[PDB]
file run.txt (compact mmCIF, N, CA and C atoms)
# COMPACT_ATOMS: atom_id res chain seq x y z
N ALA A 1 -7.26 30.17 8.49
CA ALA A 1 -6.41 30.32 9.66
C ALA A 1 -5.01 30.75 9.25
N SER A 2 -4.21 31.11 10.25
CA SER A 2 -2.84 31.54 10.02
C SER A 2 -1.94 30.35 9.70
N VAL A 3 -0.75 30.66 9.19
CA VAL A 3 0.19 29.61 8.79
C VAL A 3 0.63 28.79 10.00
N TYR A 4 0.96 29.46 11.10
CA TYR A 4 1.41 28.78 12.30
C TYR A 4 0.28 28.12 13.08
N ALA A 5 -0.97 28.35 12.69
CA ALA A 5 -2.14 27.78 13.35
C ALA A 5 -3.07 27.16 12.32
N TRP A 6 -2.51 26.35 11.43
CA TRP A 6 -3.27 25.76 10.34
C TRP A 6 -4.44 24.94 10.87
N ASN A 7 -5.57 25.02 10.18
CA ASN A 7 -6.78 24.36 10.64
C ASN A 7 -6.77 22.89 10.23
N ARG A 8 -7.06 22.00 11.18
CA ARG A 8 -7.04 20.56 10.95
C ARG A 8 -8.42 19.99 11.24
N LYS A 9 -8.90 19.13 10.34
CA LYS A 9 -10.20 18.49 10.48
C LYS A 9 -10.08 17.01 10.16
N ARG A 10 -10.83 16.19 10.89
CA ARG A 10 -10.86 14.75 10.69
C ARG A 10 -12.18 14.35 10.05
N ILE A 11 -12.10 13.49 9.04
CA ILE A 11 -13.26 13.05 8.27
C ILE A 11 -13.33 11.53 8.34
N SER A 12 -14.52 11.01 8.64
CA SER A 12 -14.74 9.58 8.70
C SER A 12 -16.21 9.29 8.46
N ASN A 13 -16.49 8.05 8.06
CA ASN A 13 -17.86 7.55 7.85
C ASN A 13 -18.60 8.40 6.81
N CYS A 14 -18.10 8.35 5.57
CA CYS A 14 -18.75 9.07 4.48
C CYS A 14 -18.33 8.47 3.15
N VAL A 15 -19.07 8.84 2.11
CA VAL A 15 -18.74 8.52 0.73
C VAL A 15 -18.37 9.81 0.02
N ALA A 16 -17.19 9.82 -0.60
CA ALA A 16 -16.61 11.03 -1.17
C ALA A 16 -16.52 10.90 -2.68
N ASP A 17 -16.98 11.93 -3.38
CA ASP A 17 -16.91 11.99 -4.84
C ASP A 17 -15.80 12.98 -5.21
N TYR A 18 -14.57 12.47 -5.30
CA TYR A 18 -13.44 13.32 -5.66
C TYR A 18 -13.49 13.78 -7.11
N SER A 19 -14.35 13.17 -7.93
CA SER A 19 -14.42 13.54 -9.34
C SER A 19 -14.85 14.99 -9.51
N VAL A 20 -15.85 15.44 -8.74
CA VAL A 20 -16.31 16.81 -8.86
C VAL A 20 -15.25 17.79 -8.38
N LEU A 21 -14.41 17.37 -7.43
CA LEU A 21 -13.30 18.22 -7.01
C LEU A 21 -12.23 18.30 -8.09
N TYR A 22 -11.94 17.18 -8.75
CA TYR A 22 -10.87 17.17 -9.74
C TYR A 22 -11.27 17.90 -11.02
N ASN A 23 -12.48 17.66 -11.52
CA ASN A 23 -12.88 18.27 -12.79
C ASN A 23 -13.07 19.78 -12.68
N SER A 24 -13.30 20.30 -11.47
CA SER A 24 -13.45 21.73 -11.29
C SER A 24 -12.15 22.44 -11.64
N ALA A 25 -12.26 23.54 -12.39
CA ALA A 25 -11.10 24.31 -12.83
C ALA A 25 -10.77 25.46 -11.89
N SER A 26 -11.47 25.58 -10.77
CA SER A 26 -11.24 26.69 -9.85
C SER A 26 -9.89 26.60 -9.15
N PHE A 27 -9.33 25.40 -9.02
CA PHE A 27 -8.09 25.21 -8.27
C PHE A 27 -6.89 25.43 -9.18
N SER A 28 -5.96 26.27 -8.73
CA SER A 28 -4.77 26.57 -9.53
C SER A 28 -3.85 25.36 -9.63
N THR A 29 -3.54 24.74 -8.49
CA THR A 29 -2.64 23.59 -8.45
C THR A 29 -3.31 22.44 -7.73
N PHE A 30 -3.15 21.24 -8.29
CA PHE A 30 -3.77 20.01 -7.78
C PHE A 30 -2.75 18.89 -7.97
N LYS A 31 -1.98 18.60 -6.93
CA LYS A 31 -0.90 17.61 -7.02
C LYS A 31 -1.17 16.48 -6.05
N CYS A 32 -1.35 15.27 -6.57
CA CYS A 32 -1.51 14.08 -5.76
C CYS A 32 -0.22 13.27 -5.82
N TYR A 33 0.32 12.94 -4.64
CA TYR A 33 1.66 12.37 -4.54
C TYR A 33 1.64 10.86 -4.36
N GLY A 34 0.97 10.37 -3.32
CA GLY A 34 0.96 8.94 -3.05
C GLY A 34 0.08 8.14 -3.98
N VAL A 35 -0.90 8.78 -4.62
CA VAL A 35 -1.87 8.09 -5.47
C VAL A 35 -2.10 8.92 -6.72
N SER A 36 -2.86 8.35 -7.66
CA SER A 36 -3.26 9.02 -8.89
C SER A 36 -4.60 9.71 -8.69
N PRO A 37 -4.75 10.96 -9.13
CA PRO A 37 -6.00 11.68 -8.87
C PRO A 37 -7.24 11.02 -9.46
N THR A 38 -7.11 10.36 -10.61
CA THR A 38 -8.27 9.75 -11.26
C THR A 38 -8.67 8.43 -10.63
N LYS A 39 -7.84 7.84 -9.77
CA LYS A 39 -8.14 6.57 -9.13
C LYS A 39 -8.78 6.73 -7.76
N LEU A 40 -9.05 7.97 -7.33
CA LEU A 40 -9.59 8.19 -6.00
C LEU A 40 -11.02 7.68 -5.87
N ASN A 41 -11.77 7.64 -6.98
CA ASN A 41 -13.17 7.24 -6.92
C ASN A 41 -13.36 5.76 -6.61
N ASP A 42 -12.30 4.96 -6.67
CA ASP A 42 -12.40 3.52 -6.44
C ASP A 42 -11.92 3.10 -5.06
N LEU A 43 -10.96 3.82 -4.48
CA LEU A 43 -10.40 3.43 -3.20
C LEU A 43 -11.33 3.81 -2.05
N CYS A 44 -11.17 3.11 -0.93
CA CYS A 44 -11.87 3.43 0.31
C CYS A 44 -10.84 3.55 1.43
N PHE A 45 -10.92 4.64 2.19
CA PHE A 45 -9.98 4.92 3.26
C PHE A 45 -10.72 5.03 4.59
N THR A 46 -9.98 5.42 5.63
CA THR A 46 -10.55 5.83 6.90
C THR A 46 -9.64 6.88 7.51
N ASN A 47 -10.20 7.67 8.43
CA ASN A 47 -9.44 8.68 9.17
C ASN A 47 -8.72 9.63 8.21
N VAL A 48 -9.52 10.35 7.42
CA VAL A 48 -8.97 11.31 6.47
C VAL A 48 -8.67 12.61 7.20
N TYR A 49 -7.55 13.24 6.87
CA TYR A 49 -7.16 14.49 7.52
C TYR A 49 -7.12 15.60 6.48
N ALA A 50 -7.73 16.74 6.81
CA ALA A 50 -7.74 17.91 5.94
C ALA A 50 -7.16 19.09 6.70
N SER B 1 13.50 -49.64 18.95
CA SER B 1 13.54 -48.84 20.17
C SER B 1 14.25 -47.50 19.95
N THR B 2 15.51 -47.54 19.52
CA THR B 2 16.27 -46.31 19.35
C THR B 2 15.77 -45.54 18.14
N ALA B 3 15.54 -44.24 18.32
CA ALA B 3 15.09 -43.37 17.26
C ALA B 3 16.25 -42.51 16.75
N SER B 4 15.95 -41.68 15.75
CA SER B 4 16.93 -40.77 15.14
C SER B 4 18.13 -41.53 14.57
N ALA B 5 17.91 -42.76 14.12
CA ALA B 5 18.95 -43.55 13.48
C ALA B 5 19.03 -43.32 11.97
N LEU B 6 18.13 -42.50 11.42
CA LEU B 6 18.10 -42.23 9.99
C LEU B 6 18.31 -40.74 9.74
N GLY B 7 19.32 -40.16 10.39
CA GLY B 7 19.48 -38.72 10.37
C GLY B 7 19.77 -38.16 8.99
N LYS B 8 20.35 -38.96 8.10
CA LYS B 8 20.75 -38.44 6.79
C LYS B 8 19.53 -38.11 5.93
N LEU B 9 18.58 -39.04 5.84
CA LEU B 9 17.39 -38.79 5.03
C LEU B 9 16.56 -37.65 5.60
N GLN B 10 16.41 -37.62 6.92
CA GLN B 10 15.69 -36.52 7.56
C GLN B 10 16.39 -35.19 7.32
N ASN B 11 17.72 -35.20 7.34
CA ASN B 11 18.48 -33.98 7.07
C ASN B 11 18.23 -33.49 5.65
N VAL B 12 18.23 -34.41 4.68
CA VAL B 12 17.98 -34.02 3.29
C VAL B 12 16.58 -33.41 3.16
N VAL B 13 15.59 -34.08 3.75
CA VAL B 13 14.21 -33.59 3.67
C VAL B 13 14.10 -32.21 4.31
N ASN B 14 14.72 -32.03 5.49
CA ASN B 14 14.65 -30.75 6.18
C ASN B 14 15.32 -29.65 5.37
N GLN B 15 16.47 -29.95 4.75
CA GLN B 15 17.15 -28.94 3.94
C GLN B 15 16.27 -28.50 2.78
N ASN B 16 15.68 -29.47 2.07
CA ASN B 16 14.83 -29.10 0.94
C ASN B 16 13.61 -28.30 1.39
N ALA B 17 12.98 -28.72 2.49
CA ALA B 17 11.81 -28.01 2.99
C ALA B 17 12.16 -26.60 3.41
N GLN B 18 13.29 -26.42 4.09
CA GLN B 18 13.70 -25.09 4.53
C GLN B 18 14.01 -24.19 3.34
N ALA B 19 14.67 -24.72 2.31
CA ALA B 19 14.94 -23.92 1.12
C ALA B 19 13.65 -23.47 0.47
N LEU B 20 12.69 -24.38 0.32
CA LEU B 20 11.41 -24.00 -0.26
C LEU B 20 10.69 -22.97 0.60
N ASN B 21 10.75 -23.14 1.92
CA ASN B 21 10.07 -22.24 2.83
C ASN B 21 10.64 -20.83 2.74
N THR B 22 11.97 -20.70 2.72
CA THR B 22 12.55 -19.37 2.63
C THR B 22 12.30 -18.75 1.26
N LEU B 23 12.29 -19.56 0.19
CA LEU B 23 11.94 -19.02 -1.12
C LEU B 23 10.52 -18.46 -1.12
N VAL B 24 9.58 -19.19 -0.51
CA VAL B 24 8.21 -18.70 -0.44
C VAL B 24 8.12 -17.44 0.40
N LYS B 25 8.80 -17.42 1.55
CA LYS B 25 8.72 -16.28 2.45
C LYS B 25 9.33 -15.03 1.84
N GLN B 26 10.31 -15.19 0.94
CA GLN B 26 10.93 -14.03 0.31
C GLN B 26 9.94 -13.22 -0.53
N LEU B 27 8.78 -13.78 -0.86
CA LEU B 27 7.81 -13.10 -1.70
C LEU B 27 7.16 -11.91 -1.01
N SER B 28 7.29 -11.78 0.30
CA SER B 28 6.66 -10.71 1.06
C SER B 28 7.56 -9.50 1.26
N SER B 29 8.77 -9.51 0.70
CA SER B 29 9.69 -8.40 0.90
C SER B 29 9.26 -7.19 0.08
N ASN B 30 9.84 -6.04 0.43
CA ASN B 30 9.49 -4.77 -0.18
C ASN B 30 10.43 -4.36 -1.30
N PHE B 31 11.74 -4.58 -1.13
CA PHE B 31 12.76 -4.29 -2.13
C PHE B 31 12.80 -2.82 -2.52
N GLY B 32 12.35 -1.93 -1.63
CA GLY B 32 12.38 -0.51 -1.88
C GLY B 32 11.13 0.07 -2.50
N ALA B 33 10.20 -0.77 -2.94
CA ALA B 33 8.95 -0.28 -3.50
C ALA B 33 8.03 0.21 -2.38
N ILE B 34 6.90 0.79 -2.78
CA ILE B 34 5.94 1.29 -1.80
C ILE B 34 5.09 0.19 -1.19
N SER B 35 5.09 -1.00 -1.77
CA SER B 35 4.34 -2.13 -1.24
C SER B 35 4.95 -3.41 -1.78
N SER B 36 4.32 -4.54 -1.45
CA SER B 36 4.79 -5.84 -1.88
C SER B 36 3.72 -6.63 -2.63
N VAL B 37 2.60 -6.01 -2.99
CA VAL B 37 1.51 -6.67 -3.69
C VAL B 37 1.24 -5.91 -4.99
N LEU B 38 1.10 -6.66 -6.08
CA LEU B 38 0.90 -6.04 -7.39
C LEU B 38 -0.49 -5.42 -7.50
N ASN B 39 -1.50 -6.04 -6.90
CA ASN B 39 -2.87 -5.58 -7.10
C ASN B 39 -3.08 -4.18 -6.51
N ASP B 40 -2.61 -3.95 -5.29
CA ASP B 40 -2.78 -2.64 -4.67
C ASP B 40 -1.94 -1.58 -5.38
N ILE B 41 -0.72 -1.94 -5.78
CA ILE B 41 0.17 -0.97 -6.41
C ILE B 41 -0.27 -0.65 -7.83
N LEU B 42 -1.07 -1.52 -8.45
CA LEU B 42 -1.59 -1.25 -9.78
C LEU B 42 -2.92 -0.51 -9.76
N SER B 43 -3.69 -0.65 -8.68
CA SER B 43 -4.97 0.02 -8.55
C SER B 43 -4.86 1.36 -7.83
N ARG B 44 -3.66 1.93 -7.75
CA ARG B 44 -3.46 3.19 -7.05
C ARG B 44 -2.63 4.21 -7.80
N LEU B 45 -2.00 3.87 -8.92
CA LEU B 45 -1.01 4.76 -9.52
C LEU B 45 -1.21 4.86 -11.03
N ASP B 46 -0.89 6.03 -11.56
CA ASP B 46 -0.73 6.20 -12.99
C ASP B 46 0.47 5.36 -13.44
N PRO B 47 0.34 4.54 -14.48
CA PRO B 47 1.40 3.58 -14.85
C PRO B 47 2.81 4.14 -14.78
N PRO B 48 3.11 5.33 -15.41
CA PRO B 48 4.51 5.80 -15.52
C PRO B 48 5.42 5.55 -14.32
N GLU B 49 4.86 5.54 -13.11
CA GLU B 49 5.60 5.15 -11.92
C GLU B 49 5.36 3.69 -11.53
call {"tool": "encode", "arguments": {"input": "run.txt", "output": "structure tokens"}}
result
Amino acid sequence: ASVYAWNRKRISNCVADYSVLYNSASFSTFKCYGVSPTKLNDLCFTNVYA
Amino acid sequence: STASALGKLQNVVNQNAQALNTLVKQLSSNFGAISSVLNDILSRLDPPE
């Protein structure tokens, strides 16, 4: 989508394996601010926004 | 018959209890950190921060 019409999606009721996202080298920049990227596999959230 | 004739001892007890209570309650403050509990703040961050 365009910059002024950025696409927003809500995610809930799932189990997420962030490890496969992190270990992949396809992404140029991967910056996690509030948490540590390697600790995502242990936490559980709700109402994730992408 | 008459009550509240021992105000001094009750005052001492109340002062000590209130001091202890406020000391305990101070443990829930934030002090500028992102949280007030060690367990959550340790299970979420790379140590350097």
call {"tool": "closest_atom_pairs", "arguments": {"input": "run.txt", "of": "chain B", "to": "chain A", "cutoff": "5 Å", "atoms": "all atoms listed in the file", "output": "tab-separated table"}}
result
residue	atom	partner	partner_atom	distance
B:44	C	A:36	N	4.1
B:45	CA	A:36	N	4.4
B:46	N	A:36	CA	4.7
call {"tool": "atom_distance", "arguments": {"input": "run.txt", "atom1": "atom CA of residue 48 of chain A", "atom2": "atom N of residue 8 of chain A"}}
result
11.8 Å
call {"tool": "select_by_dssp", "arguments": {"input": "run.txt", "residues": "chain A", "states": "alpha helix (DSSP H)", "output": "PDB file with N, CA and C atoms, in the frame of the given file"}}
result
ATOM      1  N   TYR A  18     -14.570  12.470  -5.300  1.00  0.00           N
ATOM      2  CA  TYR A  18     -13.440  13.320  -5.660  1.00  0.00           C
ATOM      3  C   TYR A  18     -13.490  13.780  -7.110  1.00  0.00           C
ATOM      4  N   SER A  19     -14.350  13.170  -7.930  1.00  0.00           N
ATOM      5  CA  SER A  19     -14.420  13.540  -9.340  1.00  0.00           C
ATOM      6  C   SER A  19     -14.850  14.990  -9.510  1.00  0.00           C
ATOM      7  N   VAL A  20     -15.850  15.440  -8.740  1.00  0.00           N
ATOM      8  CA  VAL A  20     -16.310  16.810  -8.860  1.00  0.00           C
ATOM      9  C   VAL A  20     -15.250  17.790  -8.380  1.00  0.00           C
ATOM     10  N   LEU A  21     -14.410  17.370  -7.430  1.00  0.00           N
ATOM     11  CA  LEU A  21     -13.300  18.220  -7.010  1.00  0.00           C
ATOM     12  C   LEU A  21     -12.230  18.300  -8.090  1.00  0.00           C
ATOM     13  N   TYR A  22     -11.940  17.180  -8.750  1.00  0.00           N
ATOM     14  CA  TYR A  22     -10.870  17.170  -9.740  1.00  0.00           C
ATOM     15  C   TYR A  22     -11.270  17.900 -11.020  1.00  0.00           C
ATOM     16  N   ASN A  23     -12.480  17.660 -11.520  1.00  0.00           N
ATOM     17  CA  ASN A  23     -12.880  18.270 -12.790  1.00  0.00           C
ATOM     18  C   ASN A  23     -13.070  19.780 -12.680  1.00  0.00           C
TER      19      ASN A  23
END
call {"tool": "closest_residue", "arguments": {"input": "run.txt", "among": "A:24, A:47, A:32, A:41", "to": "residue 11 of chain A", "atoms": "only C-alpha atoms"}}
result
A:47
call {"tool": "select_by_dssp", "arguments": {"input": "run.txt", "residues": "chain A", "states": "strand (DSSP E)", "output": "ChimeraX atom specification"}}
result
/A:10-11,48-49
call {"tool": "closest_residue", "arguments": {"input": "run.txt", "among": "A:20, A:50, A:44, A:25", "to": "residue 6 of chain A", "atoms": "only C-alpha atoms"}}
result
A:50
call {"tool": "atom_distance", "arguments": {"input": "run.txt", "atom1": "atom CA of residue 15 of chain A", "atom2": "atom CA of residue 45 of chain A"}}
result
9.8 Å
call {"tool": "axis_aligned_box", "arguments": {"input": "run.txt", "around": "segment 20-33 of chain A", "padding_each_side": "8 Å", "output": "AutoDock Vina command-line options"}}
result
--center_x -7.3 --center_y 18.8 --center_z -8.6 --size_x 34.0 --size_y 31.8 --size_z 24.5
call {"tool": "decode", "arguments": {"input": "run.txt", "residues": "segment 11-43 of chain B", "atoms": "C-alpha atoms", "output": "compact mmCIF listing (two decimals), in the first residue's frame"}}
result
# COMPACT_ATOMS: atom_id res chain seq x y z
CA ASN B 11 -0.69 6.62 68.67
CA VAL B 12 2.72 4.93 68.86
CA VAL B 13 1.33 1.71 67.38
CA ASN B 14 -0.44 3.60 64.59
CA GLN B 15 2.69 5.58 63.72
CA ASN B 16 4.81 2.45 63.47
CA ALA B 17 2.18 0.61 61.43
CA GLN B 18 1.75 3.54 59.04
CA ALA B 19 5.51 3.85 58.53
CA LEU B 20 5.77 0.14 57.73
CA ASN B 21 2.75 0.34 55.43
CA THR B 22 4.13 3.23 53.39
CA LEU B 23 7.54 1.54 53.18
CA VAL B 24 5.86 -1.58 51.78
CA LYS B 25 3.68 0.40 49.37
CA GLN B 26 6.70 2.27 48.00
CA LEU B 27 7.84 -1.02 46.41
CA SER B 28 5.29 -0.61 43.58
CA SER B 29 6.69 2.66 42.22
CA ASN B 30 8.25 3.00 38.77
CA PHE B 31 11.12 5.47 39.38
CA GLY B 32 11.38 6.11 35.63
CA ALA B 33 11.95 2.50 34.59
CA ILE B 34 9.72 0.67 32.11
CA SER B 35 8.16 -1.43 34.90
CA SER B 36 8.30 -2.11 38.64
CA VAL B 37 8.92 -5.90 38.66
CA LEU B 38 12.32 -7.51 38.18
CA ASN B 39 11.03 -10.75 36.67
CA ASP B 40 9.24 -9.18 33.69
CA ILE B 41 12.01 -6.65 33.05
CA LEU B 42 14.63 -9.42 33.09
CA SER B 43 12.68 -11.81 30.84
